[PDB]
Amino acid sequence: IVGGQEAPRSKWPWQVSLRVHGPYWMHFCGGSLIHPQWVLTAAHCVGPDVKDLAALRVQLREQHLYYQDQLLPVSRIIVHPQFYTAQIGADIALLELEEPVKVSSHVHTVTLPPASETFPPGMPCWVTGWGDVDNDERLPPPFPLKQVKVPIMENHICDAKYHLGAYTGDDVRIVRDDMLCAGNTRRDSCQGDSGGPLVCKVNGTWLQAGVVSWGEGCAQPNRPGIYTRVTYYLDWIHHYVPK
Amino acid sequence: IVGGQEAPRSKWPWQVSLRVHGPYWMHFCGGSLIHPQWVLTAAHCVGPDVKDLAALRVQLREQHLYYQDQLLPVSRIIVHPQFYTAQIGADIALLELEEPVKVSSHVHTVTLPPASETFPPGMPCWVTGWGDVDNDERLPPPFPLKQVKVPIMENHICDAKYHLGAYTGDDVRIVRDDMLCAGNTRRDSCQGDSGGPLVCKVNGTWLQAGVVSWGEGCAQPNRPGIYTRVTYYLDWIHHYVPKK
Amino acid sequence: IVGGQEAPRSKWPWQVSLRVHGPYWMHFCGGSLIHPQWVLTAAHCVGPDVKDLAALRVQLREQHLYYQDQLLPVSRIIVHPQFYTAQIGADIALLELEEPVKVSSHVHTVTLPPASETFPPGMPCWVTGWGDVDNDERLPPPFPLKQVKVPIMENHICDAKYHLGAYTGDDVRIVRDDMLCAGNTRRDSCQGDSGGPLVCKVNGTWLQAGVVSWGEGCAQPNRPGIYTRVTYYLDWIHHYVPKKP
Amino acid sequence: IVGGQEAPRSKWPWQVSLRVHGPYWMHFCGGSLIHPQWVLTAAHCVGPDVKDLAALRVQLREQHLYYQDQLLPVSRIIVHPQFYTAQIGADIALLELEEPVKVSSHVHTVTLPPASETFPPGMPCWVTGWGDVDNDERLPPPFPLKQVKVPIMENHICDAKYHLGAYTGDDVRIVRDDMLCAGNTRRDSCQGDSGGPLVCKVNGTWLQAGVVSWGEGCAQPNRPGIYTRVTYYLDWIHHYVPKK
């Protein structure tokens with residue numbers, strides 16, 4: 001997270017850390033708990049190439065990475081079959097846990113928006129994770145969960161920004177209809193925040209608008225964060241995840 | 001180049017090295033001379049973001065990188081307006097030199113194919129450059145230009161191989177119609193060969209079939225090298241580059 | 001620490017972490033609390049060149065590096081005036097804290113040995129720190145304090161081992177009289193353990209025998225860990241550090 | 001070499017490059033040809049731990065590293081038996097070549113000074129090599145042999161400089177009597193120049209005053225280059241190397 005602060009302990013009870021087997025169980029991507037037995041993440045975190053399930057674990061919300069680890073095994077990785085790269089799109093995956101989690105005030109699910117929900121430009125949303133604090137600048141120990149308020153921006157405006165200082169023809173889409181855009185040169189997601197949630201508070205309810213997907217670096221001029229648009233893939237999510 | 005040998009001095013007179021300004025004028029991509037004033041390369045080497053022309057130079061064919069440098073400034077970078085990433089496609093760009101080069105037996109242009117040429121499997125094709133000799137393994141000094149004969153494979157076969165060990169749906173095309181596929185687990189292009197030529201000898205004439213574009217690593221199982229198909233972009237090239 | 005275990009919370013209440021200012025307050029060396037206001041470390045951690053005191057802080061015993069940091073500023077760095085390199089010797093330094101710390105069962109001073117104590121082979125000795133777990137292999141998060149029991153070896157035996165597979169003449173001493181030797185191919189200190197304590201339990205009392213100084217890599221054949229011999233430098237320590245009241 | 005220039009092709013015909021076996025025969029240290037069959041170098045380049053002779057080669061003077069290599073095998077490494085570290089001293093070694101070299105105007109031996117020779121402070125001397133051009137800055141391709149003029153400085157003055165901004169007691173020797181000192185914040189030897197020669201022209205003859213040994217970085221304030229004093233070890237050298 002670029003230009004963020006440490007999250008209060010009470011905030012973002014749905015944030016999860018994805019861990020890969022090595023010298024230690026290292027954080028590589030974020031996720032959100034959308035159901036007691038399901039994590040929503042980015043496809044690029046776990047694909048497009050098939051990964052060994054034995055080398056993957058989920059860690060539920062912890063204030064500091066690695067200090068109080070209770071690693072959960074994954075029974076199934078479901079990557080959207082249309083996914084190959086984040087820039088093409090369908091950058092969305094589901095992790096099925098071997099067990100449902102026992103939910104509490106400190107650990108519980110995020111609400112998905114209805115299909116009709118159109119998060120208007122300028123709406124204050126929050127992105128959370130344990131990713132880099134700037135370009136090629138890792139989160140220092142003790143690795144606090146960070147948060148940043150980012151304004152949602154119209155897809156057409158974000159597409160136009162990605163064309164400034166680029167050879168790509170103005171009529172050739174960079175930011176596609178299954179993508180959502182947020183952030184500026186002070187406030188953005190970064191490497192290691194991938195798969196984590198963009199959440200917006202609507203009528204007293206936190207709704208997951210986005211999954212951290214891609215961008216040209218972090219908080220670069222005219223290069224806002226690109227997110228998978230959750231409303232676009234609700235039918236695909238609901239094919240696997242109970243309502 | 002993976003599984004190659006050092007090129008003989010007489011071979012590949014169209015091979016060029018692209019150089020970026022830093023502590024020294026460092027090789028980052030290959031290219032081909034297609035006209036005395038024009039270099040064909042990959043868009044991903046010079047884009048999609050607009051870069052300072054003053055920090056780019058072209059080096060014509062040398063047997064050993066850096067030893068006999070005569071660096072040429074660039075007047076113009078022209079990147080295909082459809083290009084954003086190599087995997088989406090249109091991975092093709094043109095460099096206009098500030099001056100036309102004097103051609104010779106040792107330094108001269110490659111011939112572009114006619115639109116009808118498909119380059120079927122079994123055709124003898126070669127890829128050349130100063131790129132890595134394996135995954136994360138740089139070409140050692142004194143940096144000889146390498147060559148390797150790569151077997152062309154049909155786009156549908158290569159598309160099917162890219163789906164093996166992948167979550168991507170079988171009917172979601174990975175290897176696109178503007179791309180060409182070549183190489184195996186012994187013979188491939190690698191990092192630093194990007195933008196360089198894939199050339200096939202057809203009726204005694206060398207034709208540039210491909211621009212080194214992308215792949216999953218180098219010489220990996222079921223992951224052959226992907227090249228921009230030059231025949232697909234001839235009309236765009238001919239918009240900028242004069243006929244002989 | 002090579003071939004160690006995580007230290008129990010009750011052990012090594014004198015272990016300190018030295019921190020350098022950067023993107024964060026990063027661990028670079030170990031140390032020992034020998035007085036409420038004084039830390040014993042290796043000279044090579046803080047010298048031979050004079051460094052900015054404002055860029056150095058001390059962290060008292062923590063079970064996991066960085067998790068519960070209460071960083072203490074330093075008023076004075078005192079490096080042995082004979083020190084230039086660890087291999088020449090006098091690899092010993094003192095940090096004066098700006099304030100005396102409040103001691104407890106969990107955080108308190110280590111006892112220095114009497115001048116007469118030689119620490120012979122067979123004596124049970126432990127080395128502790130947050131250093132590498134092997135050659136070029138960092139301690140993983142969450143960075144637990146590690147301990148390992150190291151066999152002390154006689155200086156003459158260790159000197160002879162350092163000459164095996166070396167061009168250095170047998171009568172040219174490598175392991176010097178102000179140094180102490182401990183460890184084997186399974187048990188050793190490593191990069192990041194430097195300045196930390198080697199402690200031996202003598203008649204029910206923990207005594208600091210050594211300061212982690214140097215070696216050829218970590219846990220390598222015929223290359224045991226070299227430590228500054230504390231007994232050699234007691235008079236220099238007692239020049240600066242007041243005796244217990 | 002820091003603050004240097006590329007050597008003219010006619011200069012320093014005694015300069016050699018030491019090569020270690022890896023992906024390629026990589027330069028790690030310099031040396032000087034003091035006899036047709038003997039190279040003088042720094043002990044720290046080849047010790048104190050015993051190295052495999054099969055993994056070591058010598059390359060005689062070349063203008064550009066790696067481009068025209070003719071690698072020579074070594075029959076014997078002789079490291080001074082007093083050597084353990086450069087800071088303690090005796091940082092001097094001899095390589096015996098398997099064959100004597102055929103000498104020419106372009107490749108021939110440097111003259112060693114007489115025991116009586118005292119190179120006075122301020123004397124213009126030259127250090128040569130393929131080492132770093134600054135702190136953590138490698139010599140760029142095509143790796144030209146570099147030279148820099150450095151004034152010799154009195155051991156007592158150089159010892160005093162190493163004590164400025166240091167905790168070391170002023171009466172505790174850093175720069176020892178078997179060492180020689182040269183260079184400033186613009187002009188110095190660096191990593192990769194180790195074992196190479198410091199040469200001074202005395203009565204029309206180039207004499208090797210020093211072997212590149214150690215220092216605190218390259219061209220740092222009050223930290224001039226430290227060299228092994230050749231006059232100190234003449235008797236040891238002449239124990240193995242036949243006199244001219």
# chains A, B, ... in the order shown; residues from 1 in each chain; ligands from 1
>>> interface_residues(of="chain C", to="chain D", cutoff="8 Å", atoms="only C-alpha atoms", output="JSON, numbers by chain")
{"C": [47, 48, 49, 50, 78, 79, 80, 81, 82, 83, 84, 85, 87, 88, 165, 166, 167, 168, 169, 172, 174]}
>>> interface_residues(of="chain B", to="chain D", cutoff="10 Å", atoms="only C-alpha atoms", output="JSON, numbers by chain")
{"B": [23, 24, 25, 26, 64, 65, 66, 67, 68, 69, 137, 138, 139, 140, 141, 142, 143, 144]}
>>> interface_residues(of="chain A", to="chain C", cutoff="8 Å", atoms="only C-alpha atoms", output="ChimeraX atom specification")
/A:23-24,64,66-67,140-142
>>> interface_residues(of="chain A", to="chain B", cutoff="7 Å", atoms="only C-alpha atoms", output="ChimeraX atom specification")
/A:47-50,79,81-84,88,165-169,172
>>> write_last_selection(atoms="N, CA and C atoms", output="short mmCIF file (atom, residue, chain, number, x, y, z; two decimals), in the first residue's frame")
data_model
loop_
_atom_site.label_atom_id
_atom_site.label_comp_id
_atom_site.auth_asym_id
_atom_site.auth_seq_id
_atom_site.Cartn_x
_atom_site.Cartn_y
_atom_site.Cartn_z
N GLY A 47 -2.25 -18.32 -11.05
CA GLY A 47 -2.30 -18.80 -12.45
C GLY A 47 -1.57 -17.85 -13.40
N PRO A 48 -1.63 -18.06 -14.74
CA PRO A 48 -2.51 -19.07 -15.35
C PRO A 48 -2.02 -20.52 -15.26
N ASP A 49 -0.75 -20.76 -14.91
CA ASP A 49 -0.18 -22.13 -14.80
C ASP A 49 -0.66 -22.79 -13.50
N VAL A 50 -0.97 -24.08 -13.57
CA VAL A 50 -1.53 -24.89 -12.45
C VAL A 50 -0.46 -25.01 -11.36
N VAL A 79 -9.66 -20.84 -10.92
CA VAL A 79 -9.25 -19.64 -11.70
C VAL A 79 -10.26 -19.48 -12.84
N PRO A 81 -11.78 -19.39 -16.24
CA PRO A 81 -11.22 -20.03 -17.43
C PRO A 81 -10.86 -19.06 -18.57
N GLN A 82 -11.35 -17.83 -18.53
CA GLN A 82 -11.05 -16.78 -19.54
C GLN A 82 -9.72 -16.08 -19.20
N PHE A 83 -9.11 -16.33 -18.03
CA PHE A 83 -7.88 -15.63 -17.60
C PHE A 83 -6.63 -16.18 -18.30
N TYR A 84 -5.80 -15.28 -18.83
CA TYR A 84 -4.40 -15.58 -19.20
C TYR A 84 -3.45 -14.50 -18.63
N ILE A 88 -5.40 -8.48 -20.18
CA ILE A 88 -6.49 -9.04 -21.02
C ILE A 88 -7.78 -9.07 -20.18
N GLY A 165 1.17 9.76 -22.69
CA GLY A 165 2.59 9.35 -22.67
C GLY A 165 2.76 7.93 -23.19
N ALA A 166 1.83 7.43 -24.01
CA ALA A 166 1.83 6.07 -24.59
C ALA A 166 1.63 6.14 -26.11
N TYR A 167 2.16 5.15 -26.82
CA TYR A 167 2.04 5.01 -28.30
C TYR A 167 0.67 4.40 -28.66
N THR A 168 0.02 3.69 -27.73
CA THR A 168 -1.26 2.98 -27.95
C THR A 168 -2.29 3.97 -28.50
N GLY A 169 -2.97 3.61 -29.59
CA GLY A 169 -4.03 4.42 -30.22
C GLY A 169 -5.15 4.70 -29.23
N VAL A 172 -8.00 2.27 -28.93
CA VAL A 172 -7.62 0.89 -28.51
C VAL A 172 -7.72 0.84 -26.99
#
>>> residues_around(residues="residue 118 (chain B)", least_positions_apart="3", cutoff="12 Å", atoms="only C-alpha atoms", output="list in words")
residues 113, 114, 115, 121, 122, 123, 152, 153, 154, 155, 177, 178, 179, 180, 181, 200, 202, 207, 208, 209, 210, 229, 230, 231 and 232 of chain B
>>> calpha_fit_rmsd(fixed="chain D", moving="chain B")
0.4 Å
>>> select_by_dssp(residues="region 29-115 of chain B", states="helix (DSSP H, G or I)", output="ChimeraX atom specification")
/B:43-45,53-55
>>> atom_distance(atom1="CA of residue 226 (chain D)", atom2="CA of residue 1 (chain D)")
13.8 Å
>>> residues_around(residues="region 95-97 of chain B", least_positions_apart="2", cutoff="12 Å", atoms="only C-alpha atoms", output="VMD selection string")
chain B and resid 16 to 18 30 to 43 45 to 46 53 56 to 60 71 to 80 92 to 93 99 to 101 195 237 240 to 242
>>> residues_around(residues="residue 117 (chain C)", least_positions_apart="5", cutoff="12 Å", atoms="only C-alpha atoms", output="number ranges by chain")
C: 112, 123, 200-203, 207-210, 229-232, 234
>>> residues_around(residues="region 4-18 of chain C", least_positions_apart="3", cutoff="6 Å", atoms="only C-alpha atoms", output="VMD selection string")
chain C and resid 1 27 29 to 33 58 to 61 106 to 110 144 to 148
>>> atom_distance(atom1="CA of residue 219 (chain A)", atom2="CA of residue 183 (chain A)")
7.2 Å
>>> atom_distance(atom1="CA of residue 132 (chain B)", atom2="CA of residue 213 (chain A)")
29.7 Å
>>> residues_around(residues="residue 188 (chain D)", least_positions_apart="3", cutoff="6 Å", atoms="only C-alpha atoms", output="list in words")
residues 2, 183 and 219 of chain D
>>> write_last_selection(atoms="N, CA, C and O atoms", output="mmCIF file, in the first residue's frame")
data_model
loop_
_atom_site.group_PDB
_atom_site.id
_atom_site.type_symbol
_atom_site.label_atom_id
_atom_site.label_comp_id
_atom_site.auth_asym_id
_atom_site.auth_seq_id
_atom_site.Cartn_x
_atom_site.Cartn_y
_atom_site.Cartn_z
ATOM 1 N N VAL D 2 40.068 4.220 -10.623
ATOM 2 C CA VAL D 2 39.213 5.427 -10.409
ATOM 3 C C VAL D 2 39.950 6.652 -10.965
ATOM 4 O O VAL D 2 41.138 6.821 -10.635
ATOM 5 N N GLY D 183 47.532 7.739 -3.942
ATOM 6 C CA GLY D 183 46.184 8.066 -4.452
ATOM 7 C C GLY D 183 45.495 9.127 -3.617
ATOM 8 O O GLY D 183 46.009 9.469 -2.534
ATOM 9 N N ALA D 219 39.078 5.854 -3.572
ATOM 10 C CA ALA D 219 39.126 7.332 -3.662
ATOM 11 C C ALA D 219 38.223 7.979 -2.599
ATOM 12 O O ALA D 219 37.605 9.013 -2.900
#
>>> decode(residues="region 73-102 of chain D", atoms="N, CA, C and O atoms", output="CSV table (one decimal), in the first residue's frame")
chain,number,residue,atom,x,y,z
D,73,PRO,N,48.2,-21.7,-18.6
D,73,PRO,CA,48.1,-22.4,-17.3
D,73,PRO,C,49.2,-22.1,-16.3
D,73,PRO,O,50.3,-21.6,-16.8
D,74,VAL,N,49.0,-22.3,-15.0
D,74,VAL,CA,49.9,-22.0,-13.9
D,74,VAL,C,50.4,-23.3,-13.4
D,74,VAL,O,49.5,-24.2,-13.1
D,75,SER,N,51.7,-23.5,-13.2
D,75,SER,CA,52.3,-24.7,-12.6
D,75,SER,C,52.3,-24.6,-11.1
D,75,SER,O,52.2,-25.7,-10.5
D,76,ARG,N,52.5,-23.4,-10.5
D,76,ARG,CA,52.7,-23.3,-9.1
D,76,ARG,C,52.2,-21.9,-8.6
D,76,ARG,O,52.5,-20.9,-9.2
D,77,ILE,N,51.4,-21.9,-7.5
D,77,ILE,CA,51.1,-20.7,-6.7
D,77,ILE,C,52.0,-20.7,-5.5
D,77,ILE,O,51.9,-21.7,-4.7
D,78,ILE,N,52.8,-19.7,-5.3
D,78,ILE,CA,53.6,-19.5,-4.1
D,78,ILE,C,53.1,-18.2,-3.3
D,78,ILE,O,53.3,-17.1,-3.9
D,79,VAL,N,52.4,-18.4,-2.2
D,79,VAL,CA,51.9,-17.3,-1.4
D,79,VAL,C,52.9,-17.1,-0.2
D,79,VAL,O,53.4,-18.1,0.3
D,80,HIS,N,53.2,-15.9,0.1
D,80,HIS,CA,54.1,-15.6,1.3
D,80,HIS,C,53.6,-16.3,2.5
D,80,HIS,O,52.4,-16.1,2.9
D,81,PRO,N,54.4,-17.1,3.2
D,81,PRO,CA,53.9,-17.9,4.3
D,81,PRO,C,53.5,-17.0,5.5
D,81,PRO,O,52.8,-17.6,6.4
D,82,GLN,N,53.9,-15.8,5.6
D,82,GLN,CA,53.4,-14.8,6.7
D,82,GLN,C,52.0,-14.2,6.4
D,82,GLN,O,51.5,-13.6,7.3
D,83,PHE,N,51.5,-14.5,5.2
D,83,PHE,CA,50.2,-13.9,4.8
D,83,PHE,C,49.0,-14.6,5.4
D,83,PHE,O,48.9,-15.8,5.3
D,84,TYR,N,48.1,-13.8,6.0
D,84,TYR,CA,46.7,-14.3,6.4
D,84,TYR,C,45.7,-13.2,5.9
D,84,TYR,O,44.7,-13.7,5.2
D,85,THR,N,45.9,-11.9,6.1
D,85,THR,CA,45.0,-10.8,5.6
D,85,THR,C,45.9,-9.7,5.1
D,85,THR,O,47.0,-9.6,5.6
D,86,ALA,N,45.4,-8.9,4.2
D,86,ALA,CA,46.1,-7.7,3.6
D,86,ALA,C,46.4,-6.7,4.7
D,86,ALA,O,47.5,-6.1,4.5
D,87,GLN,N,45.6,-6.5,5.7
D,87,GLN,CA,45.7,-5.5,6.7
D,87,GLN,C,46.9,-5.9,7.7
D,87,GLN,O,47.5,-5.0,8.2
D,88,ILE,N,47.1,-7.2,7.9
D,88,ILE,CA,48.3,-7.7,8.6
D,88,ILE,C,49.5,-7.5,7.8
D,88,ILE,O,50.6,-7.1,8.4
D,89,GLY,N,49.5,-7.9,6.5
D,89,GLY,CA,50.6,-7.7,5.5
D,89,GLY,C,51.1,-8.9,4.9
D,89,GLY,O,50.4,-10.0,5.0
D,90,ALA,N,52.3,-8.9,4.3
D,90,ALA,CA,52.9,-9.9,3.5
D,90,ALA,C,51.9,-10.3,2.3
D,90,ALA,O,51.9,-11.5,1.9
D,91,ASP,N,51.3,-9.3,1.8
D,91,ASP,CA,50.2,-9.5,0.7
D,91,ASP,C,50.9,-9.5,-0.6
D,91,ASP,O,50.9,-8.6,-1.4
D,92,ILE,N,51.6,-10.7,-0.9
D,92,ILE,CA,52.4,-10.9,-2.1
D,92,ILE,C,52.4,-12.4,-2.4
D,92,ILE,O,52.5,-13.2,-1.5
D,93,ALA,N,52.3,-12.7,-3.7
D,93,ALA,CA,52.3,-14.1,-4.2
D,93,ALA,C,53.0,-14.1,-5.6
D,93,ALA,O,53.1,-13.1,-6.3
D,94,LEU,N,53.5,-15.3,-5.9
D,94,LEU,CA,54.2,-15.6,-7.2
D,94,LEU,C,53.4,-16.7,-8.0
D,94,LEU,O,53.0,-17.7,-7.3
D,95,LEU,N,53.1,-16.5,-9.2
D,95,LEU,CA,52.6,-17.5,-10.1
D,95,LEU,C,53.7,-18.0,-11.1
D,95,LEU,O,54.2,-17.1,-11.8
D,96,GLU,N,54.1,-19.3,-11.0
D,96,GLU,CA,55.0,-19.9,-12.0
D,96,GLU,C,54.1,-20.4,-13.2
D,96,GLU,O,53.3,-21.2,-12.9
D,97,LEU,N,54.4,-19.9,-14.4
D,97,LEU,CA,53.7,-20.4,-15.6
D,97,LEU,C,54.3,-21.7,-16.0
D,97,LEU,O,55.4,-22.0,-15.6
D,98,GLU,N,53.5,-22.6,-16.7
D,98,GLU,CA,53.9,-23.9,-17.2
D,98,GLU,C,55.0,-23.7,-18.3
D,98,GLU,O,55.8,-24.6,-18.4
D,99,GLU,N,55.0,-22.6,-19.0
D,99,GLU,CA,55.9,-22.3,-20.1
D,99,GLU,C,56.4,-20.8,-19.9
D,99,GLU,O,55.7,-20.0,-19.4
D,100,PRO,N,57.7,-20.5,-20.3
D,100,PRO,CA,58.1,-19.1,-20.3
D,100,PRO,C,57.4,-18.5,-21.5
D,100,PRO,O,57.2,-19.2,-22.5
D,101,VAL,N,57.1,-17.2,-21.4
D,101,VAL,CA,56.5,-16.5,-22.5
D,101,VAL,C,57.6,-16.0,-23.5
D,101,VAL,O,58.7,-15.7,-23.0
D,102,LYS,N,57.3,-15.9,-24.8
D,102,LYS,CA,58.2,-15.3,-25.8
D,102,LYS,C,57.9,-13.8,-25.7
D,102,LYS,O,56.8,-13.4,-26.0
